[PDB]
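Take a look at this one chain, the form deposited in one PDB entry, written out in structure tokens.
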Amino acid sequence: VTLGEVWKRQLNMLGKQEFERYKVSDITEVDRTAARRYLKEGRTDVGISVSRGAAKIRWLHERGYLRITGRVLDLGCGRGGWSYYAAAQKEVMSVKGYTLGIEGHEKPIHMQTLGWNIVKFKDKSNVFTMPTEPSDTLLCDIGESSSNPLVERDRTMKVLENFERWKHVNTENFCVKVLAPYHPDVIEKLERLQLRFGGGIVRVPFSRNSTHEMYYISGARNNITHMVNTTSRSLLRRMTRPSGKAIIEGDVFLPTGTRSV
């Protein structure tokens, strides 16, 4: 019924070539060539990011959509690109990363970029059921894509319900993935969270056109419904006239070393 749902139905109708051409049209991409090189070698003394995902939190951080500070929780940390980025920030005290790391799911990668000494990881951890702990900064990049919209809305809702469970009164800063923001249920859940916590929803330009994902962040205020539809219209406009060409940016590179306090 919504414009986003129309986008989803049209995406599921594209052929391979149409799909591949559409998914990169006018998006932004990091050059991952250097990092792939060193990750294959197995080098831990070079200042690369363990994931493509780090580019998203850098963008949000540098643009002022969120502050990164104090005790940091990274829920669904995967390889740990959000965790290592956080640990290199001078206002950051400690970083704790939780992820599944089971069959098919990625595990934490050990790296020695700046502040590695104040990062701790735990796999075999389900953030939906495990006990919560306090934080000043709460991060969550969870939300697996699906061609089924009802699967996407269920995964999204579950992420948002768990975020509310995790958020502490000290948690002034937050960044939560919203996989399928086009669903009316998801809009209603976001509006209700916003009433309590403030903040707003944003589209990160590093997301491919083949996902409608957006991020619920703490450092901006906006109209949820208007922001979701502005992205839907944008994703629809690109589908009609796909450029096939992405913007390339330099990757997330960090210093190495330990940090004091």
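The numbering used is simple: start at 1 and walk along the sequence shown. Under this definition, the rigid core comprises the largest set of C-alpha atoms superposing within 1.5 Å between the forms.
Of the two segments 37-45 and 53-61, the one whose CA positions lie farther from the displayed form in 5 other deposited structures of this protein, once all are superposed on the rigid core, is 37-45. The rigid core fit leaves 103-111 as the farther-lying stretch in 5 other deposited structures of this protein, judged by Cα positions and set against 172-180 and 103-111. When the two stretches 184-192 and 134-142 are set side by side, the higher mean Cα temperature factor goes to 184-192.
The mean C-alpha temperature factor is higher for 29-37 when 29-37 and 49-57 are set side by side. In this structure the maximum Cα B-factor among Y84, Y98, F128, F174 is found at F128. Annotation for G104: CA B-factor lies in the highest third of the chain's modelled residues. For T44, the recorded CA B-factor ranks within the highest third of the chain. Only modelled residues enter the ranking. Per the deposited record, the Cα B-factor of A220 falls in the highest third when ranked against the other modelled residues of its chain.
Ranked within its chain, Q112 lands in the middle third, by CA B factor from the PDB record.
The entry lists a Cα temperature factor for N162 that places it in the highest third of the chain's modelled residues.
There is another form of this protein, the form deposited with a small molecule bound, and it is not shown here; the text below is about that form.
Stretch-level contact analysis of 62-70, 224-232, 37-45, 203-211 against the small molecule in the deposited complex, using heavy atoms and a 4.5 Å limit, identifies 203-211. For the three residues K8, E29 and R52, a heavy atom within 4.5 Å of the small molecule turns up in the deposited complex in every case. Contact annotation for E152: at least one heavy atom lies within 4.5 Å of the small molecule in the deposited complex. Contact annotation: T132 falls outside 4.5 Å of the small molecule in the deposited complex, judged by heavy atom distances.
Heavy atoms of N170 never reach within 4.5 Å of the small molecule in the deposited complex, leaving it off the interface. The closest heavy atom approach of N117 to the small molecule in the deposited complex falls outside 4.5 Å. Distance criterion of 4.5 Å from any heavy atom to the small molecule in the deposited complex singles out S145 from the list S94, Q89, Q112, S145.
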